[PDB]
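Source file input.tsv; content: TSV, C-alpha atoms and all ligand atoms.
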chain	number	residue	atom	x	y	z
I	1128	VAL	CA	23.26	234.84	179.39
I	1129	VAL	CA	24.56	238.44	179.18
I	1130	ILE	CA	22.16	240.79	177.38
I	1131	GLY	CA	24.04	242.85	174.81
I	1132	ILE	CA	27.46	241.18	174.90
I	1133	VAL	CA	29.74	241.92	171.92
I	1134	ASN	CA	32.48	239.86	170.26
I	1135	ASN	CA	36.16	240.85	170.38
I	1136	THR	CA	39.65	239.49	170.99
I	1137	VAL	CA	41.03	239.63	174.53
I	1138	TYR	CA	44.83	239.81	174.75
I	1139	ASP	CA	46.72	237.12	176.71
I	1140	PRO	CA	50.15	238.39	177.79
I	1141	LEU	CA	51.47	235.00	178.94
I	1142	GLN	CA	51.08	233.50	175.46
I	1143	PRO	CA	53.63	235.55	173.43
I	1144	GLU	CA	56.35	234.90	176.02
I	1145	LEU	CA	55.71	231.15	176.22
I	1146	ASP	CA	55.32	231.06	172.42
I	1147	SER	CA	58.62	232.91	171.93
I	1148	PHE	CA	60.03	230.21	174.19
B	1128	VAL	CA	51.35	232.03	212.90
B	1129	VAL	CA	47.75	231.94	211.63
B	1130	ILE	CA	45.15	230.46	213.99
B	1131	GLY	CA	42.86	228.01	212.21
B	1132	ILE	CA	44.70	227.82	208.88
B	1133	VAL	CA	43.80	224.72	206.82
B	1134	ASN	CA	45.76	222.67	204.28
B	1135	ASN	CA	44.66	222.84	200.63
B	1136	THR	CA	46.15	222.93	197.15
B	1137	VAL	CA	46.40	226.33	195.44
B	1138	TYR	CA	46.28	226.17	191.63
B	1139	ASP	CA	48.42	228.27	189.26
B	1140	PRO	CA	47.49	229.19	185.65
B	1141	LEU	CA	51.14	229.55	184.59
B	1142	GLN	CA	52.02	226.01	185.66
B	1143	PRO	CA	50.20	223.85	183.04
B	1144	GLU	CA	51.22	226.12	180.16
B	1145	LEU	CA	54.88	226.07	181.22
B	1146	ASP	CA	54.45	222.29	181.54
B	1147	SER	CA	52.98	222.17	178.02
B	1148	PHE	CA	56.04	224.11	176.85
J	883	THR	CA	19.88	258.36	182.27
J	884	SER	CA	23.22	259.41	183.76
J	885	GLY	CA	23.93	257.84	187.17
J	886	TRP	CA	25.43	260.05	189.86
J	887	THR	CA	27.26	262.07	187.19
J	888	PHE	CA	24.57	264.76	186.87
J	889	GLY	CA	25.22	265.39	190.55
J	890	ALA	CA	28.98	265.89	190.25
J	891	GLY	CA	28.75	267.78	186.96
J	892	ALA	CA	27.46	267.22	183.44
J	893	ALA	CA	24.97	264.42	182.85
J	894	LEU	CA	27.15	261.71	181.31
J	895	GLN	CA	24.73	259.23	179.77
J	896	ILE	CA	25.23	255.52	180.48
J	897	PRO	CA	22.97	252.51	179.76
J	898	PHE	CA	20.85	251.86	182.82
J	899	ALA	CA	21.84	248.18	182.91
J	900	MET	CA	25.44	249.37	183.27
J	901	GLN	CA	24.51	252.05	185.81
J	902	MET	CA	22.94	249.32	187.94
J	903	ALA	CA	26.08	247.22	187.48
J	904	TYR	CA	28.02	250.13	188.98
J	905	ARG	CA	25.53	250.20	191.86
J	906	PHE	CA	26.27	246.50	192.47
J	907	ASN	CA	30.03	247.11	192.58
J	908	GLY	CA	29.35	249.76	195.22
J	909	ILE	CA	27.80	247.18	197.57
J	910	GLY	CA	30.64	244.74	196.93
J	911	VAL	CA	28.76	242.41	194.57
J	912	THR	CA	30.60	241.81	191.32
J	913	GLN	CA	28.95	243.34	188.26
J	914	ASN	CA	28.60	239.99	186.48
J	915	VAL	CA	26.01	239.15	189.15
J	916	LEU	CA	23.90	241.96	187.70
J	917	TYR	CA	24.39	241.07	184.03
J	918	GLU	CA	23.78	237.34	184.58
J	919	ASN	CA	20.58	238.04	186.58
J	920	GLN	CA	19.39	241.27	184.94
J	921	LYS	CA	15.96	239.90	183.97
J	922	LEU	CA	15.32	238.63	187.51
J	923	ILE	CA	16.62	241.88	189.02
J	924	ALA	CA	14.37	243.93	186.74
J	925	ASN	CA	11.36	241.73	187.57
J	926	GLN	CA	12.03	242.16	191.30
J	927	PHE	CA	12.30	245.94	190.88
J	928	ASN	CA	9.11	246.22	188.81
J	929	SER	CA	7.21	244.15	191.38
J	930	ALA	CA	8.54	246.22	194.29
J	931	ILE	CA	7.45	249.46	192.58
G	1201	LIG	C1	29.68	236.23	168.16
G	1201	LIG	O1	30.37	235.11	167.61
G	1201	LIG	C2	29.62	233.88	167.58
G	1201	LIG	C3	30.53	232.83	167.01
G	1201	LIG	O2	31.76	232.76	167.73
G	1201	LIG	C4	28.34	234.07	166.77
G	1201	LIG	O3	27.57	232.87	166.90
G	1201	LIG	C5	27.06	232.39	165.65
G	1201	LIG	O4	25.79	232.99	165.35
G	1201	LIG	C6	25.19	232.55	164.13
G	1201	LIG	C7	23.92	233.34	163.96
G	1201	LIG	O5	24.20	234.69	163.61
G	1201	LIG	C8	24.95	231.04	164.19
G	1201	LIG	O6	24.40	230.60	162.96
G	1201	LIG	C9	26.26	230.33	164.47
G	1201	LIG	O7	26.03	228.93	164.63
G	1201	LIG	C10	26.89	230.87	165.75
G	1201	LIG	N1	28.17	230.23	165.99
G	1201	LIG	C11	28.55	229.78	167.20
G	1201	LIG	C12	29.90	229.13	167.26
G	1201	LIG	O8	27.83	229.89	168.18
G	1201	LIG	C13	27.54	235.26	167.29
G	1201	LIG	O9	26.42	235.50	166.45
G	1201	LIG	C14	28.41	236.51	167.35
G	1201	LIG	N2	27.67	237.62	167.93
G	1201	LIG	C15	27.11	238.59	167.19
G	1201	LIG	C16	26.37	239.64	167.95
G	1201	LIG	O10	27.21	238.61	165.97
G	1202	LIG	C1	49.13	220.38	207.13
G	1202	LIG	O1	50.32	220.05	206.48
G	1202	LIG	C2	51.48	220.29	207.30
G	1202	LIG	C3	52.68	219.98	206.44
G	1202	LIG	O2	52.73	220.81	205.29
G	1202	LIG	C4	51.42	219.45	208.58
G	1202	LIG	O3	52.44	219.96	209.44
G	1202	LIG	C5	53.08	218.98	210.28
G	1202	LIG	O4	52.31	218.72	211.46
G	1202	LIG	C6	52.91	217.81	212.40
G	1202	LIG	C7	51.92	217.62	213.53
G	1202	LIG	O5	50.78	216.89	213.11
G	1202	LIG	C8	54.25	218.36	212.87
G	1202	LIG	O6	54.87	217.43	213.75
G	1202	LIG	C9	55.14	218.62	211.66
G	1202	LIG	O7	56.36	219.22	212.09
G	1202	LIG	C10	54.45	219.54	210.67
G	1202	LIG	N1	55.28	219.73	209.49
G	1202	LIG	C11	55.51	220.93	208.94
G	1202	LIG	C12	56.39	220.94	207.73
G	1202	LIG	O8	55.02	221.96	209.40
G	1202	LIG	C13	50.07	219.56	209.28
G	1202	LIG	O9	49.95	218.55	210.27
G	1202	LIG	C14	48.92	219.43	208.29
G	1202	LIG	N2	47.65	219.68	208.95
G	1202	LIG	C15	46.51	219.08	208.59
G	1202	LIG	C16	45.29	219.46	209.39
G	1202	LIG	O10	46.46	218.27	207.67
G	1203	LIG	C1	16.33	233.59	193.67
G	1203	LIG	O1	15.05	234.03	194.08
G	1203	LIG	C2	14.16	234.32	193.00
G	1203	LIG	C3	12.89	234.86	193.62
G	1203	LIG	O2	13.07	236.18	194.10
G	1203	LIG	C4	13.93	233.07	192.15
G	1203	LIG	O3	13.20	233.45	190.99
G	1203	LIG	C5	12.01	232.66	190.81
G	1203	LIG	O4	12.30	231.40	190.19
G	1203	LIG	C6	11.14	230.58	189.96
G	1203	LIG	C7	11.64	229.29	189.34
G	1203	LIG	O5	12.44	228.54	190.24
G	1203	LIG	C8	10.13	231.31	189.09
G	1203	LIG	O6	8.95	230.52	188.95
G	1203	LIG	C9	9.79	232.66	189.71
G	1203	LIG	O7	8.92	233.39	188.85
G	1203	LIG	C10	11.06	233.46	189.93
G	1203	LIG	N1	10.76	234.75	190.52
G	1203	LIG	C11	10.98	235.91	189.90
G	1203	LIG	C12	10.62	237.15	190.66
G	1203	LIG	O8	11.46	235.96	188.77
G	1203	LIG	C13	15.25	232.45	191.72
G	1203	LIG	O9	15.02	231.19	191.11
G	1203	LIG	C14	16.19	232.27	192.92
G	1203	LIG	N2	17.48	231.78	192.47
G	1203	LIG	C15	18.20	230.89	193.16
G	1203	LIG	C16	19.51	230.49	192.55
G	1203	LIG	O10	17.82	230.43	194.23
G	1204	LIG	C1	19.20	248.70	171.84
G	1204	LIG	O1	17.90	249.00	171.32
G	1204	LIG	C2	17.68	248.58	169.97
G	1204	LIG	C3	16.30	249.07	169.59
G	1204	LIG	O2	16.21	250.49	169.66
G	1204	LIG	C4	17.82	247.07	169.87
G	1204	LIG	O3	17.67	246.67	168.52
G	1204	LIG	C5	19.19	246.64	170.39
G	1204	LIG	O4	19.27	245.22	170.41
G	1204	LIG	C6	19.45	247.19	171.79
G	1204	LIG	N1	20.81	246.88	172.21
G	1204	LIG	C7	21.13	246.52	173.46
G	1204	LIG	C8	22.58	246.23	173.71
G	1204	LIG	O5	20.28	246.42	174.34
G	1205	LIG	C1	37.97	226.48	216.77
G	1205	LIG	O1	37.89	225.70	218.00
G	1205	LIG	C2	38.76	224.55	218.07
G	1205	LIG	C3	38.49	223.88	219.39
G	1205	LIG	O2	37.35	223.03	219.31
G	1205	LIG	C4	40.21	224.99	217.90
G	1205	LIG	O3	41.05	223.84	217.93
G	1205	LIG	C5	40.38	225.74	216.59
G	1205	LIG	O4	41.72	226.21	216.48
G	1205	LIG	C6	39.42	226.92	216.51
G	1205	LIG	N1	39.54	227.59	215.23
G	1205	LIG	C7	39.45	228.92	215.10
G	1205	LIG	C8	39.60	229.45	213.70
G	1205	LIG	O5	39.26	229.66	216.06

Here is the file; what I need is its structure written in the form of structure tokens.
Ligand SMILES: *[C@@H]1O[C@H](CO)[C@@H](O[C@@H]2O[C@H](CO)[C@@H](O)[C@H](O)[C@H]2NC(C)=O)[C@H](O)[C@H]1NC(C)=O
Ligand SMILES: *[C@@H]1O[C@H](CO)[C@@H](O[C@@H]2O[C@H](CO)[C@@H](O)[C@H](O)[C@H]2NC(C)=O)[C@H](O)[C@H]1NC(C)=O
Ligand SMILES: *[C@@H]1O[C@H](CO)[C@@H](O[C@@H]2O[C@H](CO)[C@@H](O)[C@H](O)[C@H]2NC(C)=O)[C@H](O)[C@H]1NC(C)=O
Ligand SMILES: *[C@@H]1O[C@H](CO)[C@@H](O)[C@H](O)[C@H]1NC(C)=O
Ligand SMILES: *[C@@H]1O[C@H](CO)[C@@H](O)[C@H](O)[C@H]1NC(C)=O
Amino acid sequence: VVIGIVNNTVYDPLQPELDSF
Amino acid sequence: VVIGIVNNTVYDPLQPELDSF
Amino acid sequence: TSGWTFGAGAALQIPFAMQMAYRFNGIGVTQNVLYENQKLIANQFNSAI
């Protein structure tokens, strides 16, 4: 729906902790 | 203390990931 | 072309769709409400003019 959206990664700071556990 | 407070569940985005780990 | 910025100082250009999204934040309506309805909002504006 958004006119002119662009593609990128968005960082998720829970994941590396839970992954490292 | 709060006048007119109502009972409901409050969700938590950490909880299912911790549960998955 | 530049929002309120030409008032405070230099004219800092910004896309008008994103200027209007700032205007929406000012009235306490989240900016996604602009971007998800931009065509309707533009049509309402053009009709009101
Ligand atoms: C952003 O990424 C999506 C994919 O995640 C792109 O969507 C694809 O677009 C092509 C056409 O260029 C289609 O043939 C594919 O089927 C689409 N894939 C999906 C999963 O929808 C999208 O084009 C990208 N945005 C830009 C501006 O390139
Ligand atoms: C909301 O839930 C609480 C419990 O979490 C309920 O509190 C109890 O209410 C009764 C009276 O109906 C008291 O006798 C108990 O001492 C209360 N318990 C606690 C732990 O406070 C409350 O009734 C519920 N309200 C609604 C509208 O469902
Ligand atoms: C919000 O109100 C606008 C009118 O200001 C609605 O837009 C109209 O939608 C109908 C279809 O249901 C179209 O035929 C009209 O041309 C639209 N008007 C304009 C100016 O574009 C819109 O549907 C309403 N949205 C909700 C969620 O109620
Ligand atoms: C900006 O305008 C160009 C045409 O000059 C168009 O191709 C492009 O899609 C537009 N981008 C956005 C984000 O509106
Ligand atoms: C609204 O009125 C009822 C009485 O009918 C009362 O029990 C309730 O606590 C009131 N709630 C609030 C938020 O004032």

Close residues, residue I:1131 itself excluded, 10 Å, all atoms listed in the file, min 2 positions apart in chain, as a ChimeraX atom specification: /I:1128-1129,1133 /J:899,917

Atomic distance atom CA of residue I:1132 - atom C3 of ligand LIG 1201 (chain G), expressed in Å with one decimal: 11.9 Å

Should the cut-off be 10 Å, what would the residue list for chain I against chain B look like, counting all atoms listed in the file, as an MDAnalysis selection string? chainID I and resid 1141:1142 1145:1146 1148

Go through chain J and flag each residue having an atom no more than 7 Å from ligand LIG 1203 (chain G); for those, report the closest pair of atoms plus their distance in Å to one decimal, using all atoms listed in the file, ordered by chain and rising number, as JSON lines.
{"residue": "J:922", "atom": "CA", "partner": "G:LIG1203", "partner_atom": "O8", "distance": 4.9}
{"residue": "J:925", "atom": "CA", "partner": "G:LIG1203", "partner_atom": "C12", "distance": 5.6}
{"residue": "J:926", "atom": "CA", "partner": "G:LIG1203", "partner_atom": "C12", "distance": 5.2}

Protein/DNA/RNA residues near (30.8, 244.9, 186.9), cut 12 Å, all atoms listed in the file, as a VMD selection string: (chain I and resid 1129) or (chain J and resid 899 to 918)

Kindly list the centre and edge lengths in Å, rounded to one decimal, for the axis-aligned box that covers all listed atoms of ligand LIG 1205 (chain G) plus 4 Å on each of its six sides, as AutoDock Vina command-line options.
--center_x 39.5 --center_y 226.3 --center_z 216.5 --size_x 12.4 --size_y 14.6 --size_z 13.7

Just to confirm, what's the straight-line distance from atom CA of residue J:919 to atom CA of residue J:898 in Å (one decimal)?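 If I compute the distance from atom CA of residue J:919 to atom CA of residue J:898, I get 14.3 Å.
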
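We find atom CA of residue J:923 and atom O1 of ligand LIG 1201 (chain G) to be spaced 26.3 Å apart.
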